[PDB]
Amino acid sequence: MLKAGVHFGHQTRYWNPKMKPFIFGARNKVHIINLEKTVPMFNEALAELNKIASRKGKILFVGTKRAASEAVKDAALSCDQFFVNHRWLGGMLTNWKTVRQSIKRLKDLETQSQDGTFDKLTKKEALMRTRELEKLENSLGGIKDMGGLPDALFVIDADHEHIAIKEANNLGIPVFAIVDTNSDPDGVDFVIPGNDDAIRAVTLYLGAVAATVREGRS
Amino acid sequence: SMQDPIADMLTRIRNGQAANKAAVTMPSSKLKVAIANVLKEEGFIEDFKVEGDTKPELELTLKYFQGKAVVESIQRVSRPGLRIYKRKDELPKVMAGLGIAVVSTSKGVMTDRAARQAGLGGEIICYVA
Amino acid sequence: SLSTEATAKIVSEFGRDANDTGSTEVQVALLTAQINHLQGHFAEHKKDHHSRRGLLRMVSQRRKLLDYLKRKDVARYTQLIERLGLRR
RNA sequence: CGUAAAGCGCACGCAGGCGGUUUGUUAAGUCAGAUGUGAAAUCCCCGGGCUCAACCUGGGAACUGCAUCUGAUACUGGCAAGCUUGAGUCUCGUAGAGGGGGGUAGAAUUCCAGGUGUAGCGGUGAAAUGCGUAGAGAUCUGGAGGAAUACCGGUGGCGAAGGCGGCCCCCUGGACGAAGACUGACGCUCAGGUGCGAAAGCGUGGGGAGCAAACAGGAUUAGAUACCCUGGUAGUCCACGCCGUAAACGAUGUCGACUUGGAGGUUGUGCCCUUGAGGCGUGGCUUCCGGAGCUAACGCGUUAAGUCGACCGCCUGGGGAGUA
């Protein structure tokens, strides 16, 4: 389509030979991503995400890149989506049993956050309180609505979120990930290509994965 | 120098299946075409083809049932430094029959099981598994 | 190094067909001429071990070529050594 | 067999081991069948007998071996004819401290003679031995002799290794490249054998400026046969002979093939816009990082310690001991 394939590859050195089945190579040694290999894995990926949304499972899309996470955290949340935006804490899925203590801490600090106990002792408890609330909200975000153990897991960049796909591989969660030339496609269950840094590409891919997943089956 | 082109053939096959090459191109010979016929009949490769009349070039199209390769192991048994000639009651079974042993017998080059059905011995070219 | 005109003369002398610079008689005659010239060189220049290694390489190449020609055709080998003057 | 024990310091090669590809053949190996034989006893498998078992015994099996007869080349080996794709040769060029001989040049050190000039120079953590009151050191002029070539100089280049650095000439070895031609397996490795082989050392004849084992003096120290200083002989230099060892190392033998990549260096070449030390390919040699894989790990990683093939060398606990 005209929406995909416009995004071009960057970082013309330190690419991957596993990626090399997906590069044109035109425009004087700049690694251009091939549209005809980008599109069918994308169509099958959205077919399987429709299958996951038919189960009413957790999607858990992650993006922590600079100048795109602010779009990730708000644009793709229609009604019930689950996001990670910034400061991706390592090992969240593997030891979510002891991250459950921190998320109960986030729930307790969100409860009565605007009245009562945090308003008493007006400033000296409260500056540390507000800093703790904002750092825990930044650390977790949509995990409070996610509630643990997602069915699928979506990744906006395999190289930046190589830890996330590693523990998703450990927990057996299917991975739907957009990769670049420098990133590794071996550990990804459903690999789709594209440009990770591009604001246009991340917005159109987020709109595409938000499309027809809002309803699932019914 | 090159002394065992058959070992070079199996070496190229093993390196291709390790490096996930789709096809292996190399110089050919009559023995190479016979071993390619045995491997194609037993299903360890997909296809083999000879190109050219001046320099005959052999292409083997390697196959993969999974992400892993089809051939689990490939080893040269009879060597130029040591040739192994075994009789009809002494030629072995690889993997208790799940693999094959390519053996050059008096009527042709075929599977060890085919040689045992034909009642012939010979030298084992290789073990395929 | 043996001169271009000298190599052309030896190729024309030892080639019964024109442009036979690769034949065993032509190679052995070229090596023999260079060996005689280097014997004249090394008599004045002893202790030139680095050039004598190339001399011994040429001697070994000439001996292996003569062994191959003796295995292939003994009449050509005898004719070549009786027109060159070696292997007594 | 990099680091635990283990790759000869390197190379050339005889015997030996192995050997690209196509077509004809007794078949030598090899394969298949049959025959003669492989004594009996003893292990093995079905039975009997001793009340059972050990023990005895019937038949078969086995003795994997060696000879004789019959078959095609599937492979190896021989003969015959081939092919070029391994190896090599020629044409034209390119880079390079590759080697041997000779000549020359410029800084600098030392010494001798001389001019100016005075009381210190040199050395060290401090001093002192030493040089200088017969004039040192310092500065300048002229002359003599020997050795090594600042800059260029580089994670550069060449050579099998050791190794090779000013410039010029003569003789000469090797490597690489576009293109074309030629011979047609002429190839790889190689125990013995032969050659090369740092520095130190040895013999003869020279040379000897610096440096410097030994030696002497002065320091240091509890002592100092040392580290330090002041001198200083062999030696370091040349010619011809020995010696044949090194942490001779990449602690990784040679040849051949295959296997993801990136960043440079050096050296050839094809195309593009002849307009530039600009762009796209193809070769060789190299430096660093790194994927799979391997490894005990460190790490190696297309120049492998990855996947194989050919051949050679070496190891079998430490010390004694690479000693008698």
# chains A, B, ... in the order shown; residues from 1 in each chain; ligands from 1
$ residues_around --residues "residue D:15" --least-positions-apart "3" --cutoff "12 Å" --atoms "only C-alpha atoms (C1' of nucleotides)" --output "VMD selection string"
chain D and resid 190 to 193
$ interface_residues --of "chain D" --to "chain B" --cutoff "8 Å" --atoms "only C-alpha atoms (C1' of nucleotides)" --output "PyMOL selection string"
chain D and resi 17-21+30-32+72-75+85-86+187-188+255-260+292+307-310
$ closest_residue --among "D:93, D:137, D:320, D:184" --to "chain C" --atoms "only C-alpha atoms (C1' of nucleotides)"
D:184
$ select_by_dssp --residues "stretch 28-67 of chain B" --states "strand (DSSP E)" --output "PyMOL selection string"
chain B and resi 45-51+57-62
$ write_last_selection --atoms "N, CA and C atoms" --output "mmCIF file, in the first residue's frame"
data_model
loop_
_atom_site.group_PDB
_atom_site.id
_atom_site.type_symbol
_atom_site.label_atom_id
_atom_site.label_comp_id
_atom_site.auth_asym_id
_atom_site.auth_seq_id
_atom_site.Cartn_x
_atom_site.Cartn_y
_atom_site.Cartn_z
ATOM 1 N N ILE B 45 18.047 -34.338 0.440
ATOM 2 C CA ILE B 45 18.059 -33.108 -0.336
ATOM 3 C C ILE B 45 16.753 -33.038 -1.121
ATOM 4 N N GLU B 46 16.498 -31.875 -1.715
ATOM 5 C CA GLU B 46 15.343 -31.750 -2.594
ATOM 6 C C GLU B 46 15.673 -32.175 -4.020
ATOM 7 N N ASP B 47 16.650 -31.519 -4.639
ATOM 8 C CA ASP B 47 16.934 -31.720 -6.050
ATOM 9 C C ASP B 47 18.430 -31.601 -6.281
ATOM 10 N N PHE B 48 18.885 -32.177 -7.391
ATOM 11 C CA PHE B 48 20.249 -32.003 -7.859
ATOM 12 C C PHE B 48 20.211 -31.779 -9.364
ATOM 13 N N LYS B 49 21.147 -30.973 -9.856
ATOM 14 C CA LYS B 49 21.150 -30.641 -11.272
ATOM 15 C C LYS B 49 22.588 -30.443 -11.730
ATOM 16 N N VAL B 50 22.864 -30.881 -12.958
ATOM 17 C CA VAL B 50 24.166 -30.718 -13.596
ATOM 18 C C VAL B 50 24.034 -29.661 -14.681
ATOM 19 N N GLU B 51 24.923 -28.671 -14.647
ATOM 20 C CA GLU B 51 24.939 -27.570 -15.600
ATOM 21 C C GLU B 51 26.287 -27.540 -16.303
ATOM 22 N N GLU B 57 28.978 -28.600 -13.466
ATOM 23 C CA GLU B 57 28.736 -27.988 -12.167
ATOM 24 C C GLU B 57 27.493 -28.617 -11.560
ATOM 25 N N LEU B 58 27.596 -29.048 -10.310
ATOM 26 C CA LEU B 58 26.502 -29.682 -9.593
ATOM 27 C C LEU B 58 25.889 -28.683 -8.629
ATOM 28 N N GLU B 59 24.563 -28.568 -8.676
ATOM 29 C CA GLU B 59 23.796 -27.786 -7.718
ATOM 30 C C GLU B 59 22.885 -28.723 -6.940
ATOM 31 N N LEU B 60 23.008 -28.695 -5.617
ATOM 32 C CA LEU B 60 22.096 -29.394 -4.718
ATOM 33 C C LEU B 60 21.227 -28.387 -3.986
ATOM 34 N N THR B 61 19.914 -28.562 -4.090
ATOM 35 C CA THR B 61 18.959 -27.700 -3.403
ATOM 36 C C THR B 61 18.658 -28.336 -2.053
ATOM 37 N N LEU B 62 19.240 -27.776 -0.998
ATOM 38 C CA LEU B 62 19.044 -28.307 0.339
ATOM 39 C C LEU B 62 17.645 -27.982 0.845
#
$ closest_atom_pairs --of "chain D" --to "chain A" --cutoff "12 Å" --atoms "only C-alpha atoms (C1' of nucleotides)" --output "tab-separated table"
residue	atom	partner	partner_atom	distance
D:260	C1'	A:17	CA	6.2
D:261	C1'	A:17	CA	7.3
D:262	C1'	A:14	CA	6.1
D:263	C1'	A:13	CA	9.4
D:279	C1'	A:28	CA	9.0
D:280	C1'	A:28	CA	8.8
D:289	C1'	A:14	CA	11.5
D:290	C1'	A:14	CA	10.2
D:291	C1'	A:17	CA	8.8
D:292	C1'	A:17	CA	11.3
$ select_by_dssp --residues "chain A" --states "helix (DSSP H, G or I)" --output "number ranges by chain"
A: 20-22, 26-29, 35-54, 69-75, 96-110, 126-140, 143-146, 162-171, 199-210
